[PDB]
């Protein structure tokens, strides 16, 4: 443990050490920090303490307004940074601990900081890799006999997302206007979305890219995965339904996608690795690898309506319900020579387990609005109402510590 006091139930013990971009009232310039207890350690202030071989000539990466350049340095640099931070934050090491003037400049409170997006996301991709989610959607729209489309068990299906509208936790999300077709015998209409939904996801940031035209082999895929965040892929389902054949989700997704700000490095999550789900049929060789790379990350979603005094927990799930791994997603994404770049964000798709309490959208929880979701205090939902606030949280549970993700929150504003 650390010289910084850490509560037992803190998301940010010395075993975590996530990376984020923050600013304060006194200094509005976005800069890189690491969460520890209820504090932020400012890496722009302590960049000269990274004296090892991988970082000593790259200390400027900690002075940037985004994590992109640090992400681009690759695994040796990340591992050295983490070892340096663990040694510096240890309760028995004197350097940062006993340098009072440095320490006063280096640490500020999380409760007084403003968080920003952790990276400039050049490209965002959303996969569809949770089998029960894809199955549930298939049942609802095609029937139980056509629950999965023919390609789903053969490749990690995904689409290009909209990068510009990825926003940091806490950003209000306006209910979108657009066109929809509620009656198939009549022309489409223009109006406010009536089926506004959340999608519980996680996403990973890419480290070093691959060269244009050069695939990343699955055996090297783990080298390019920096760390993870929580995501809410807000969805306008009536807009989506009318637009999306044949070229895919578009305006139904691109009005807003929220991510949490603290990027938990893969090294912090490796203690919580579990076996990959068995795949049948077995994937082609380029997607076949024996490295365990599925993670036991508890996820929870709450909803609170304006007026309501307390939030209701509407979903309890886990990131281990993903059939295609992050290694397979990254490999598939580059198999054609596509060039992944530092700070790219590859998301899981909606996470659903087989238990109905773990379904990751209100589309599934309400089963296409045929079941009312109990949100407490005599109130019910099918889809989101104006003023509803959705908060996603997640953590890995260790013995006496948690590796937590903070929150991924947003409140719905009325259409405009």
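Positions refer to the first chain, counted from 1. Under this definition, the rigid core comprises the largest set of C-alpha atoms superposing within 1.5 Å between the forms.
In 4 other deposited structures of this protein, superposed on the rigid core, the segment with the larger root-mean-square CA displacement between 94-102 and 336-344 is 94-102.
Core-fitted comparison in 4 other deposited structures of this protein shows that, between 128-136 and 85-93, the CA atoms farther from the shown form belong to 85-93.
Looking at mean Cα B-factors across 289-297 and 105-113, the upper value is held by 105-113.
Stretches 346-354 and 50-58 differ in mean C-alpha B factor, with the higher average recorded for 50-58.
The top Cα temperature factor in the record, among 237, 174, 95, 162, falls on 95. Per the PDB record, 100 has a higher Cα B-factor than any other of 100, 253, 131, 82. The deposited CA B-factor of residue 70 belongs to the middle third of values across its chain. The deposited CA B-factor of residue 310 belongs to the highest third of values across its chain. Ranked by Cα temperature factor within the chain, residue 183 sits in the highest third according to the deposited record. When all modelled residues of the chain are sorted by CA temperature factor, residue 373 is found within the highest third.
In this PDB entry, the Cα temperature factor of residue 230 sits in the bottom third of its chain's modelled residues, the lowest group.
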